[PDB]
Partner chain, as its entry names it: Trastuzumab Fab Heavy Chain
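In the block that follows, a single chain appears as structure tokens, in the form deposited without the partner chain.
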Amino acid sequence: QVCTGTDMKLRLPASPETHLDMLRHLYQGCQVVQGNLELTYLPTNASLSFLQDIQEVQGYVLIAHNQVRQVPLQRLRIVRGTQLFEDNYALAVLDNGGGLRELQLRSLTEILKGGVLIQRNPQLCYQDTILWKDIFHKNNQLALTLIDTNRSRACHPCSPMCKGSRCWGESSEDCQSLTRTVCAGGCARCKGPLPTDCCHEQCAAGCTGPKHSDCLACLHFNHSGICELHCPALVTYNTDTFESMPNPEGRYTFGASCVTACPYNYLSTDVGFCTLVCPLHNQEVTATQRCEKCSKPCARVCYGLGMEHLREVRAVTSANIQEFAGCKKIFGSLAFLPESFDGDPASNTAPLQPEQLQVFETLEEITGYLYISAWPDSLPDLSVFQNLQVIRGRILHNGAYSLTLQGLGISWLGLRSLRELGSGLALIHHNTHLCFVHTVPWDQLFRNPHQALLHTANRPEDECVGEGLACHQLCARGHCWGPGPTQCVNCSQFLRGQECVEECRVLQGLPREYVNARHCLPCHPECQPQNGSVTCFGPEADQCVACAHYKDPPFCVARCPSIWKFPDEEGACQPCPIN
């Protein structure tokens, strides 16, 4: 039902071959888009039916550089304009020439912030037939409209049913409904001209009745079908007794609606808001995550790209690679661009070397995205991040992707510890030497119904079978990150330290081991090997079947300790006669 938007503006798709699938996965089944709705660079006759369910857009709506005749957004009611296209404009239709013939926006009756661009679209006929003043909200707006009439098309008049000639398209269902400029009194929205037909003060776009439960869209917050000015607080206050108490009816605020619990990948707060970062002087705390106040000095925070002093930094380079030393968790994103591993004469910045990338060996969690478009040609994999477990995706590349690999020389993926892709899409394309992509259980890394892997132009599956690139025979499900016994997602036998193996050295040999929950570990150096049986029950000197040297109860020892004892004829330590 609810999904985020994108952040491309007018830029080209990262991988044009998967661009329509990116849009399909992001928007298929959405009613509310919690960001900007961008529909750009579409081919002639694209499969756009997945857009028909959208009713609200939190930011701007941008339709640009498309060859499609129509865009199925008839159900769109309100554009909230929280972010605007450049500045100033909430709806933008640009360079769609092939090209758009009708706007078809039948349900759109409200724009809360910003104006309209309709420019250089030499097929569109119904941009002059809309009373855009009725769509702009009563509240103070710029409300600027720049409409391009240079269409060069023999447009048909709108169906005779459209009284006053206000219409989105030729058909009788395309007539514009006027809900502000045609009503008695001061009402912002109405059902009809009569003083009985005004909508409630909290309604946006229109209503089916006069109550705050009858609205087509909520002006401020939606609380389970009811439109409200403020979302109910989690904790209330008694003005007669000077005490606070929990609100049995309290809710969390999530964008423009109220929820009973804070959605996955968001940080809850005691003030009732769901966020992507904590307020100043807090810490992220697990339970599900919440923010808590720094009652004592805050812990070291390792910031990445897009956060604090690195907001305007495009990539990690030899100038800022050291800022990640000793870090477990990065509050921000990581990007490795062609300039990261090359020179920049503008500031005399050295290229990164393979031994400098080792600063990420301790890294387990990234809060943003991991974008790698360049990597040294001497490294066959991404093992620099082999200990990376979670990529949260709270900051996305172009507003869509949380894990992106483009144009790399790597033979397999080195991310063997990765267990979660919290949000965003995964994009892997044009990597001609990269084979082990189809061997990764991506369905076990994704958490949200709108996530998927998009890929093209990588090493063909038939060439991998021919060469011999496949998972190790001990991989539990036939699933792995690369060709080795150390790269299985799960092991059918023993895990040793960091390797999947056939057998554990318990019954045979000198370097004896023991098994603990499928891990195979060495026996204490003082344990006597047992030929044909169990050597030890653990790593300690008192867990062995028999002592290798002299017994010192409860444990075996090589030399008797200073009561000072000596190694006797019994095979055990005894008190010395010399004291």
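Numbering follows the first chain given and starts at 1. Rigid core (definition): largest C-alpha set, two forms, superposition within 1.5 Å.
Going from residue 287 to residue 288, the model skips 1 to 3 deposited residues, which lack coordinates.
Although not depicted, the form solved in complex with the partner chain is the subject of the following passage.
At the 4.5 Å threshold, heavy atoms of residue 12 stay clear of the partner chain in the bound PDB entry, well away from it. Among heavy atoms of residue 552, some come within 4.5 Å of the partner chain in the bound PDB entry. In the bound PDB entry, at least one heavy atom of residue 565 sits within 4.5 Å of a heavy atom of the partner chain.
In the bound PDB entry, the partner chain sits within 4.5 Å of a heavy atom belonging to residue 543. Only one listed stretch (38-46, 62-70, 23-31, 535-543) carries heavy atoms within 4.5 Å of the partner chain in the bound PDB entry, and that stretch is 535-543. For the listed set 496, 77, 113, 251, the sole C-alpha moving 2 Å or more between this form and the one not shown on a rigid core superposition is that of 496. Once you line up the core between this form and the one not shown, the Cα of residue 46 stays within less than 2 Å of where it was. Core-aligned CA deviation for residue 539 between this form and the one not shown: 2 Å or greater.
Annotation: Cα of residue 65 displaced by less than 2 Å between this form and the one not shown, core superposition.
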